[PDB]
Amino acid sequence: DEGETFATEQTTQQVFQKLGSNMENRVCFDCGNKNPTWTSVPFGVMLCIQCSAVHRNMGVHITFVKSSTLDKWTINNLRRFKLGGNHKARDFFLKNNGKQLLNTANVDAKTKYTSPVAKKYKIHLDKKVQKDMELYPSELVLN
């Protein structure tokens, strides 16, 4: 549980700075609104304020949200964005015949985030996060 301490603001900023270099991470993963600063932590994706409200209403059983710029981030939570982000998520969905779920319109979020491809992705990302916790138990190392 060495990774449950809160990360420093500069580490938090550098994490989201790194994601921000990829264009996929500059648009909301659910609706494509520009410059999302909210997040769905378990899926490691960036969300606009509106979709942060959609996710919040789904319940913690499915997701929970945090602001990249207004909330304190734990080490373990930041890991999901070192290793995740919108580009990694989208690439997994494309490979796992789930491009229909990536549309910015006419997709219900609960269906999106409880689908098989979504559940396999969270497991995929969870393994990467567990490996990172074992190699880097108390600190967030960018490469």
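One-based numbering along the sequence shown.
Look at the mean CA B-factor for 52 to 60 and for 83 to 91 in the entry; the higher one is 52 to 60.
Of the two segments, 106 to 114 and 39 to 47, the one listed with the higher mean B-factor is 106 to 114 (C-alpha atoms only). Residue 34: CA B factor lies in the middle third for its chain, per the PDB record. Remark: residue 125 belongs to the lowest third of its chain, ranked by C-alpha B-factor as recorded.
Among the modelled residues of its chain, residue 77 has a C-alpha B-factor that falls in the lowest third, as given in the PDB entry. In the deposited entry, the Cα temperature factor of residue 28 places it in the lowest third of its chain's modelled residues. In the deposited entry, the Cα temperature factor of residue 67 places it in the lowest third of its chain's modelled residues.
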